[PDB]
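>>> Quick one, fold the following:
(2 chains)
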Amino acid sequence: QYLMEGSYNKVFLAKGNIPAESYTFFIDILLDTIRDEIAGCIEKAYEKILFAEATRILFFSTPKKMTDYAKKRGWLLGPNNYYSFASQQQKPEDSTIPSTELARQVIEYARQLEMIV
Amino acid sequence: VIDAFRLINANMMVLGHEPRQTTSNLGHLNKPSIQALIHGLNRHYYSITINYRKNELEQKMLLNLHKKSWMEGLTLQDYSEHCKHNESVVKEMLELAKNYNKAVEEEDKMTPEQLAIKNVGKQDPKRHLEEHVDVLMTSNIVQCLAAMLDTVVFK
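Residues are numbered from 1 along each chain as shown, chains lettered A, B, ... in the order given. Let me share the structure:
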């Protein structure tokens, strides 16, 4: 529920050590997962921001940690990263010059209309 | 009002050439005017048939294939002119729309045309509305099909 919500600060791992019925070995691989999620969201989040502002929220603070997950993201180098990829995708709605695809369903609407009349 | 005819002389009538003409074809008597049919039949003529044969080449030349005639179909009309028309067309439907709101309230028996006249709206308010969109839709639809095609082809 917390991960879905978008919280990475009331997520808990302490409540998974209350059972020690071999739930205790799953936490090991769920301290990976919390990290993964913060990192994806940050790709969407920034059109571009400073390296300094973004590392403290990753909870990375050593360049090695930055590199490791950066590969998965597609981000290039360690302190340097391109958060920008995800933001870039929104902008193409601006075009109008090529009509055929942009208008859409030009063939479809015409065909049915012709049958009806 | 084209008939083929044959002459009636004193000699022809005595021979009985006049029934002889009907034989060998489908038979044809004229119609225009009452005075001209009685008078014509006795003194002037006997009437007989014309049928028509025109070949497929004759039909092809008859049709008048024409170069600009087909070209217009592709020829793109102004974008502002479609917008302007779209707005004008809507204005005819508005008029019809008052009659149309009243007609629709009760149409619970049979024959749409009677219902529509009865709960106000001469003939069919639905029909008038539909014809009005159809003409605009027709010009806009073909021009859009044509425009996208030409831009890509020429480029």
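>>> only C-alpha atoms for contact and neighbour calcs from this point on.
Will do.
>>> what does whichever strand or helix holds residue B:36 rub up against?
In the assignment (DSSP states H and E), residue B:36 maps to helix B:34-39. With CA atoms under 8 Å, 6 or more residues apart in numbering or on different chains as the contact definition, helix B:34-39 has outside contacts at B:30-31.
>>> Mind doing that once more with 10 Å?
For helix B:34-39, contacts defined as CA atoms under 10 Å, 6 or more residues apart in numbering or on different chains pick out B:29-31, B:40, B:44-45.
>>> Name the next helix or strand downstream of it, please.
strand B:45-48.
>>> measure residue B:69 to residue B:63 for me?
Residue B:69 sits 12 Å away from residue B:63, going by CA to CA, to the nearest Å.
>>> contacting residues for residue B:117?
Neighbouring residues of residue B:117 by CA under 10 Å, 6+ apart: B:99, B:103, B:123-125.
>>> Counting neighbours, which of these end up buried?
Listed as buried from the contacts of residue B:117 are B:99, B:103, B:124-125; burial here means 16 or more other CA atoms under 10 Å in any protein chain shown.
>>> Of these, just say which sits nearest to residue A:74.
Residue A:74 has its nearest neighbour among those in residue B:125, at 62.3 Å by CA to CA.
>>> and the closest one, what are its phi and psi?
Per-residue torsions, residue B:125: phi -70, psi -30 (degrees, to the nearest 10).
>>> again, but for the one 3 residues further on
Torsion angles at residue B:128 (phi, psi; degrees, to the nearest 10) stand at phi -60, psi -40.
>>> Help me confirm that it comes into contact with residue B:135.
No: counting by CA atoms under 10 Å, residue B:128 sits too far from residue B:135 to count as a contact (11.5 Å).
>>> Tell me the buried residues in stretch B:56-64?
Of the residues in stretch B:56-64, none is buried (16+ other CA under 10 Å).
>>> mind checking how far it is from the chain centre?
20 Å (CA atoms, centre = their mean, to the nearest Å).
>>> With stretch B:96-110 instead?
31 Å.
>>> Quick check: buried residues in whichever helix in chain A runs longest?
Secondary structure of chain A per DSSP state H: the longest helix is helix A:33-45. The neighbour-count check on helix A:33-45 (16+ other CA under 10 Å) flags A:34, A:38-40, A:42-43 as buried.
>>> Which one of those is nearest to chain B?
Nearest to chain B out of the buried residues of helix A:33-45 is residue A:43 (CA to the nearest CA; 37.1 Å).
>>> For residue A:75, see how far away the closest one is.
Going from residue A:43 to residue A:75 by CA to CA gives 9 Å.
>>> Overlap in contacts, these two.
Shared contacts of residue A:43 and residue A:75, counting by CA under 10 Å, 6+ apart, come down to A:81-85.
>>> What residue in chain A comes nearest to chain B?
Using CA to the nearest CA, the closest approach of chain A to chain B is made by residue A:100 at 5.5 Å.
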